[PDB]
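See below for target_10.cif, which holds mmCIF, C-alpha atoms and all ligand atoms.
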```
data_work
#
loop_
_atom_site.label_atom_id
_atom_site.label_comp_id
_atom_site.auth_asym_id
_atom_site.auth_seq_id
_atom_site.Cartn_x
_atom_site.Cartn_y
_atom_site.Cartn_z
CA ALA A 1 -0.92 19.99 -2.55
CA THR A 2 -0.99 22.12 0.61
CA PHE A 3 -3.19 21.93 3.71
CA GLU A 4 -3.38 24.97 5.99
CA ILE A 5 -4.50 23.61 9.36
CA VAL A 6 -5.85 26.63 11.30
CA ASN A 7 -6.58 26.57 15.01
CA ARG A 8 -9.45 28.97 15.80
CA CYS A 9 -10.39 27.65 19.28
CA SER A 10 -9.76 29.32 22.66
CA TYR A 11 -7.50 26.39 23.73
CA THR A 12 -4.25 25.03 22.27
CA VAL A 13 -4.77 21.88 20.15
CA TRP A 14 -2.19 19.57 18.59
CA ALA A 15 -3.17 19.09 14.92
CA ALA A 16 -2.31 15.81 13.18
CA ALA A 17 -2.34 14.55 9.57
CA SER A 18 -1.53 10.90 8.75
CA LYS A 19 -2.44 7.74 6.86
CA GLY A 20 -2.45 3.98 7.55
CA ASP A 21 1.33 3.59 7.83
CA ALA A 22 2.91 7.08 7.47
CA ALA A 23 2.66 10.68 8.73
CA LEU A 24 1.97 13.60 6.34
CA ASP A 25 4.80 16.14 5.80
CA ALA A 26 5.95 16.27 9.48
CA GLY A 27 3.12 14.46 11.31
CA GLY A 28 1.50 16.87 13.79
CA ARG A 29 2.51 20.11 15.55
CA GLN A 30 1.25 22.09 18.60
CA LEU A 31 -1.13 24.99 17.82
CA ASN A 32 -1.81 27.87 20.23
CA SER A 33 -5.10 29.72 19.55
CA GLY A 34 -4.81 31.22 16.06
CA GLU A 35 -1.52 29.60 15.05
CA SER A 36 -1.74 28.50 11.39
CA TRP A 37 0.27 25.53 10.08
CA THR A 38 1.19 24.67 6.50
CA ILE A 39 2.08 21.17 5.28
CA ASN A 40 2.26 19.40 1.94
CA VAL A 41 0.49 16.05 1.63
CA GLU A 42 2.33 14.18 -1.14
CA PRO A 43 0.01 14.04 -4.21
CA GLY A 44 -1.93 10.78 -4.50
CA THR A 45 -2.28 10.13 -0.79
CA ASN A 46 -5.26 7.81 -0.50
CA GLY A 47 -6.55 7.65 3.12
CA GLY A 48 -5.57 11.05 4.50
CA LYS A 49 -7.08 12.37 7.73
CA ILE A 50 -6.37 15.60 9.60
CA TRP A 51 -7.64 16.07 13.15
CA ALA A 52 -7.04 17.89 16.49
CA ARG A 53 -5.84 16.50 19.85
CA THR A 54 -6.83 18.36 23.07
CA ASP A 55 -5.08 18.22 26.47
CA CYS A 56 -1.74 16.76 25.36
CA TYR A 57 1.53 16.72 27.30
CA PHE A 58 5.00 15.94 25.93
CA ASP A 59 8.78 16.01 26.58
CA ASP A 60 11.85 16.92 24.46
CA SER A 61 12.14 13.63 22.47
CA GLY A 62 8.53 13.71 21.23
CA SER A 63 6.63 11.18 23.37
CA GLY A 64 3.52 11.86 25.50
CA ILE A 65 -0.26 11.51 25.67
CA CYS A 66 -3.49 13.12 24.48
CA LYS A 67 -6.96 13.14 26.03
CA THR A 68 -8.25 13.08 22.41
CA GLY A 69 -6.87 11.88 19.04
CA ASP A 70 -3.89 10.22 20.84
CA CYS A 71 -1.69 8.26 18.38
CA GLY A 72 1.03 6.39 20.34
CA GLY A 73 2.53 9.49 21.99
CA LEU A 74 4.08 10.56 18.68
CA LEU A 75 3.52 14.33 18.39
CA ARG A 76 4.27 13.53 14.72
CA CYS A 77 1.24 11.23 14.28
CA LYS A 78 2.23 8.18 12.18
CA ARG A 79 -1.01 6.21 12.88
CA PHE A 80 -4.66 7.30 13.06
CA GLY A 81 -5.75 8.59 16.48
CA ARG A 82 -7.50 6.78 19.34
CA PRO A 83 -11.16 7.03 18.22
CA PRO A 84 -12.74 10.12 19.91
CA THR A 85 -11.96 12.49 17.00
CA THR A 86 -13.51 14.81 14.38
CA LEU A 87 -11.66 13.87 11.15
CA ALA A 88 -10.91 15.75 7.97
CA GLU A 89 -10.85 12.62 5.74
CA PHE A 90 -9.40 13.11 2.27
CA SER A 91 -8.02 11.25 -0.72
CA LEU A 92 -6.26 13.49 -3.23
CA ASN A 93 -5.87 13.25 -7.04
CA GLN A 94 -7.86 9.96 -7.56
CA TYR A 95 -8.51 9.89 -11.36
CA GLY A 96 -8.18 13.70 -11.70
CA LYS A 97 -10.83 14.15 -8.97
CA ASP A 98 -10.16 15.15 -5.33
CA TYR A 99 -12.21 13.80 -2.40
CA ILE A 100 -12.77 15.43 1.03
CA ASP A 101 -15.25 14.92 3.87
CA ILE A 102 -15.70 15.48 7.62
CA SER A 103 -16.74 12.41 9.63
CA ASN A 104 -18.23 11.51 13.02
CA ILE A 105 -17.67 7.81 12.32
CA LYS A 106 -14.89 7.90 14.97
CA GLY A 107 -16.81 10.32 17.26
CA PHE A 108 -16.29 14.10 17.52
CA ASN A 109 -13.87 16.30 19.50
CA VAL A 110 -13.58 19.66 17.76
CA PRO A 111 -15.94 21.69 15.52
CA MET A 112 -14.03 21.58 12.24
CA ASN A 113 -14.20 23.11 8.76
CA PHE A 114 -12.51 21.62 5.65
CA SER A 115 -12.81 24.42 3.07
CA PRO A 116 -10.72 24.16 -0.14
CA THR A 117 -8.35 27.07 -0.77
CA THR A 118 -8.84 27.24 -4.60
CA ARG A 119 -11.82 27.88 -6.98
CA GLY A 120 -12.50 24.14 -7.36
CA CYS A 121 -15.58 23.52 -5.20
CA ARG A 122 -17.38 24.49 -1.97
CA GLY A 123 -16.22 23.03 1.37
CA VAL A 124 -17.87 21.34 4.36
CA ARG A 125 -18.15 22.02 8.12
CA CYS A 126 -19.16 20.45 11.44
CA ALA A 127 -19.45 23.50 13.70
CA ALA A 128 -22.32 22.56 16.08
CA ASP A 129 -21.95 21.89 19.85
CA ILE A 130 -22.03 18.08 19.87
CA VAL A 131 -19.90 17.59 23.01
CA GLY A 132 -22.42 19.73 24.94
CA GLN A 133 -25.67 18.40 23.49
CA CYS A 134 -24.20 14.87 23.86
CA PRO A 135 -26.32 11.79 24.73
CA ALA A 136 -25.40 10.42 28.18
CA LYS A 137 -23.81 7.10 27.09
CA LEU A 138 -21.34 8.75 24.64
CA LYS A 139 -19.98 11.88 26.42
CA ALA A 140 -16.55 10.34 26.92
CA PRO A 141 -14.68 10.85 30.24
CA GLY A 142 -11.78 12.88 28.79
CA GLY A 143 -13.98 15.25 26.78
CA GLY A 144 -15.89 14.68 23.54
CA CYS A 145 -18.54 12.28 22.24
CA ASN A 146 -17.13 8.83 21.35
CA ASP A 147 -19.01 7.03 18.53
CA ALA A 148 -21.45 4.16 19.20
CA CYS A 149 -18.94 1.85 17.48
CA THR A 150 -15.96 2.57 19.75
CA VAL A 151 -18.15 2.74 22.88
CA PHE A 152 -20.30 -0.40 22.49
CA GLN A 153 -18.63 -2.47 19.70
CA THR A 154 -21.56 -4.00 17.81
CA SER A 155 -21.72 -5.01 14.16
CA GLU A 156 -24.77 -2.71 13.89
CA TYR A 157 -22.63 0.29 15.00
CA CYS A 158 -19.21 -0.51 13.45
CA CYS A 159 -20.60 -2.12 10.24
CA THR A 160 -18.95 -5.54 9.76
CA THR A 161 -21.77 -7.28 7.78
CA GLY A 162 -21.83 -4.48 5.23
CA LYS A 163 -25.58 -4.31 5.89
CA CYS A 164 -26.06 -1.67 8.62
CA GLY A 165 -28.26 1.44 8.88
CA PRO A 166 -28.72 4.62 10.98
CA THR A 167 -29.33 4.46 14.76
CA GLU A 168 -30.20 6.95 17.52
CA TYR A 169 -26.45 7.44 18.17
CA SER A 170 -25.92 8.01 14.38
CA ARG A 171 -29.06 10.25 14.23
CA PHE A 172 -27.43 12.48 16.91
CA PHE A 173 -24.31 13.27 14.87
CA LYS A 174 -26.68 13.87 11.88
CA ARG A 175 -29.15 16.16 13.72
CA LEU A 176 -26.14 18.37 14.72
CA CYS A 177 -23.81 17.88 11.67
CA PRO A 178 -25.88 17.24 8.49
CA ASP A 179 -22.64 17.46 6.43
CA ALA A 180 -20.49 14.70 8.01
CA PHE A 181 -20.56 10.87 8.02
CA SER A 182 -22.66 9.84 11.04
CA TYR A 183 -22.55 6.04 10.43
CA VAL A 184 -20.04 4.19 8.20
CA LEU A 185 -22.39 3.99 5.18
CA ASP A 186 -24.35 7.30 5.30
CA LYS A 187 -25.58 8.75 2.00
CA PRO A 188 -22.10 10.03 1.09
CA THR A 189 -21.60 13.70 2.10
CA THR A 190 -18.17 13.63 0.44
CA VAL A 191 -17.44 16.64 -1.80
CA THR A 192 -15.52 15.99 -5.02
CA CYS A 193 -13.06 18.65 -6.24
CA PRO A 194 -10.28 19.35 -8.80
CA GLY A 195 -7.01 17.44 -8.31
CA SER A 196 -4.00 19.55 -7.32
CA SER A 197 -6.11 21.83 -5.06
CA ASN A 198 -5.25 23.17 -1.57
CA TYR A 199 -7.28 23.15 1.71
CA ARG A 200 -7.89 25.03 4.95
CA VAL A 201 -8.72 22.79 7.93
CA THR A 202 -9.99 25.51 10.27
CA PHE A 203 -10.62 23.95 13.68
CA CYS A 204 -13.26 25.80 15.81
CA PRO A 205 -14.79 27.81 12.88
CA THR A 206 -17.34 30.66 13.28
CA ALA A 207 -16.44 33.07 16.12
CL CL A 301 -10.56 2.85 22.92
#
```
Would you write the structure of this file as structure tokens?
Amino acid sequence: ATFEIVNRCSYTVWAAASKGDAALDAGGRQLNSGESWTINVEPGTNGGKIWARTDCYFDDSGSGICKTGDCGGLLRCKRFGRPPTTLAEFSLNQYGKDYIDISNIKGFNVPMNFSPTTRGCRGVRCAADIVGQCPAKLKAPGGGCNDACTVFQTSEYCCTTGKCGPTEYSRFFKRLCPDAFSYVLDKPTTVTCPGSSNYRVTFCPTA
């Protein structure tokens, strides 16, 4: 199924859609303000994230760097990004039931929306100004709020034991985005949908 990845910001991002060990369709392409981009995630992709990388520079070959969502310099993102990232997590068909969700488990970088394109379900969003209303010890240097996990690296933040709960750093991403995973275990905000359904991943929605 398809995934329109719309840039709606004022600044050029570099979208990216990948899984564990493989890119999706192409991998990730530059996006001037308003540029739309269509791809086709192979049906049955478990572990599919789409995100945006800001302040990236490249060369001909396809090898550079990104202040956010960097993934080994590979414009065509094969891996997941370097943490500080708002993710459109998804797993597709999964027993005739599709699964999508925004997440601030790996921080936040870009107000995102993950609406479905069909008549299958409602979508989600994460529009609020996190990066601005950031708590001091998260506002990353580059730009964007890292997550407590990546910043501090405690079991309580990154959830190793299995038994973890909300925090003040997780209750910041919740206060602002009530419809995205703050901590790794949060009362799932996932939305289930029909299998073989398409999606719009509008970065910077509402303007
Ligand atoms: Cl890091």
Here CA of residue 70 (chain A) and CA of residue 153 (chain A) stand apart by 19.5 Å
How close does each residue of chain A get to ligand CL 301 (chain A), giving the shortest atom pair and distance in Å to one decimal for every residue with an atom at most 10 Å away, counting only C-alpha atoms and all ligand atoms, sorted by chain and residue number, as a Markdown table?
```
| residue | atom | partner | partner_atom | distance |
| --- | --- | --- | --- | --- |
| A:81 | CA | A:CL301 | CL | 9.9 |
| A:82 | CA | A:CL301 | CL | 6.1 |
| A:83 | CA | A:CL301 | CL | 6.3 |
| A:84 | CA | A:CL301 | CL | 8.2 |
| A:146 | CA | A:CL301 | CL | 9.0 |
| A:150 | CA | A:CL301 | CL | 6.3 |
| A:151 | CA | A:CL301 | CL | 7.6 |
```
Show me, as a tab-separated table, the residues of region 28-82 of chain A having an atom within 6 Å of region 2-7 of chain A, each with the closest atom pair and its distance in Å, using all atoms listed in the file.
```
residue	atom	partner	partner_atom	distance
A:33	CA	A:7	CA	5.7
A:34	CA	A:7	CA	5.1
A:35	CA	A:7	CA	5.9
A:36	CA	A:6	CA	4.5
A:37	CA	A:5	CA	5.2
A:38	CA	A:4	CA	4.6
A:39	CA	A:3	CA	5.6
A:40	CA	A:2	CA	4.4
```
List every residue of region 77-135 of chain A that has an atom at most 7 Å from any atom of region 174-181 of chain A, and for each one report the closest atom pair and its distance in Å to one decimal, counting only C-alpha atoms, with rows sorted by chain and then by increasing residue number, as a tab-separated table.
```
residue	atom	partner	partner_atom	distance
A:101	CA	A:180	CA	6.7
A:102	CA	A:180	CA	4.9
A:103	CA	A:181	CA	4.4
A:104	CA	A:181	CA	5.6
A:105	CA	A:181	CA	6.0
A:124	CA	A:179	CA	6.5
A:125	CA	A:179	CA	6.6
A:126	CA	A:177	CA	5.3
A:128	CA	A:176	CA	5.8
A:130	CA	A:176	CA	6.6
```
query: Which residues, protein or nucleic acid, reach to within 9 Å of (-6.3, 8.3, 3.7) in the file's coordinates when using all atoms listed in the file, and can you give that as a PyMOL selection string?
result: chain A and resi 18-20+45-49+89-92
(message) Counting all atoms listed in the file, which residue out of A:14, A:172, A:152, A:183 sits closest to residue 65 (chain A)?
(response)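 Of the candidates, the smallest distance to residue 65 (chain A) is held by A:14.
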Discussion item. Taking (-7.1, 28.2, 19.8) as a centre in this file's frame and 12 Å as the limit, can you find every polymer residue with an atom that close, using only C-alpha atoms, and give them as a list in words?
Written reply: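 Protein, DNA and RNA residues close to (-7.1, 28.2, 19.8): residues 5, 6, 7, 8, 9, 10, 11, 12, 13, 14, 15, 30, 31, 32, 33, 34, 35, 36, 52, 53, 54, 110, 111, 202, 203, 204, 205 and 207 of chain A.
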**Prompt:** Leaving out region 114-117 of chain A and any residue of its chain fewer than 6 positions from it, which residues lie within 6 Å of it when counting all atoms listed in the file, given as number ranges by chain?
**Reply:** A: 123-124, 198-201
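Among A:78, A:67, A:122, A:29, the residue with the shortest atom-to-atom distance to residue 140 (chain A), counting all atoms listed in the file, is A:67.
Closest approach to residue 144 (chain A) among A:131, A:100, A:41, A:56: A:131, based on only C-alpha atoms.
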